[PDB]
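We use all heavy atoms of the structure for the numbers below, so side chains are in, but hydrogens, waters and symmetry mates are not. Along the sequence shown, the residues carry numbers beginning at 1. Start at 1 and go down the list; that is how both ligands and their atoms are numbered.
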Amino acid sequence: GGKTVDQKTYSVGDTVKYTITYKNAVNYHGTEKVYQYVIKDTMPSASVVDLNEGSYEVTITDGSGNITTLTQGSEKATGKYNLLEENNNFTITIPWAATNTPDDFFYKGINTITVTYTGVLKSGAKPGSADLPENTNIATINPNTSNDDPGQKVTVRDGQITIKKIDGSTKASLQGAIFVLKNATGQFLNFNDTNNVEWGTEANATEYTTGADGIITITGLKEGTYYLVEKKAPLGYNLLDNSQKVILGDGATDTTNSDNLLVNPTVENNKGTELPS
Ligand SMILES: [Ca+2]
Ligand SMILES: [Ca+2]
Ligand SMILES: [Ca+2]
């Protein structure tokens, strides 16, 4: 639709670039002179996507491709837009004519209004591919003082890996194993800032321990190929030599309800000699 984001999925802490596009901007609406367009954007909670205030680029593109880049201000004048930011939301008002009644229009023909801006994904975002109103924003664009536009929505997305650690023979769930997560580019996950996934050295990696249920949950990752690296085996088990590949997104296995952003790899462990005896 008319509201889009730059990536199909994100990791927590990533910059999300949003684009709002409105292609029907002309000088009359009904028989009424258009003297402004109002763009209102209601974002998710800032605990989910935190708007970067002041990040806007506002343009008008005419039918020939000519671009006018607008600048911020309250004056009713060509080349301007007014901004109000409150509560993680914003409203942009673009004056369209020098006066409100019949001329003194600033722009001619059929124009496209584009607003680009950014936000930052935070820890409250929900993972997966389902209907997620909490991850969704809505932008409306209306002439003059109308509020009838039903708006354009987009949902930011991320993924989750639920690791289950078992004994390869008995299939029992095993507590106390320690893993780190590696990406496809040689780096290790540091998720110590709960609002920001980071990738770096192994020494700086976050260590995850399998719980009483054998599980580790890592929530808030971009699609891609990851590798589960065992740092400590459960008590009595041999340390696994090699990592286990886990795909999140296209190509995923072990999905929950066919959702390739909710994956459930099982890692098998091998009892060490003393434990079979
Ligand atoms: Ca130009
Ligand atoms: Ca109305
Ligand atoms: Ca980051």
*Compute both the distance and the angle, then confirm whether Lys80 meets the cation-pi test with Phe106: under 6.0 Å from the six-membered ring centre, within 45 degrees of the axis.*
no
*Knowing that exactly one of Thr9, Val16, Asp14, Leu132 qualifies, which makes a side-chain contact (heavy atoms from CB on, under 4.5 Å) with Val156?*
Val16
*Checking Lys271 against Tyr237: charged group under 6.0 Å from the ring centre and within 45 degrees of the axis?*
no
*Distance from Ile216 atom CD1 to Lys164 atom NZ, nearest 0.5 Å?*
13.5 Å
*asked:* Closer than 3.0 Å to the Ca ion (ligand 1): does that hold for any N, O or S atom in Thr68?
replied: no
_Within a 6.0 Å radius of atom CD on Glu85, are there more than 12 heavy atoms belonging to other residues, nucleotides or ligands?_
yes
*asked:* Suppose we only count N/O/S atoms under 3.0 Å; would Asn147 qualify as near the Ca ion (ligand 2)?
replied: yes
*Answer yes or no for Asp14: is there an N/O/S atom below the 3.0 Å cut-off from the Ca ion (ligand 3)?*
no
*How about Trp199: does one of its N, O or S atoms come closer than 3.0 Å to the Ca ion (ligand 3)?*
no
*Of all the N, O or S atoms in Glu198, which one sits nearest to the Ca ion (ligand 3)?*
OE2
*Closest approach to the Ca ion (ligand 2) by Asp148, given as the N, O or S atom name*: OD1
*Quick one: CZ on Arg157 to CG on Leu261, what's the gap to the nearest 0.5 Å?*
8.0 Å
*Would you say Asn196 reaches the Ca ion (ligand 3) with an N/O/S atom under 3.0 Å?*
yes
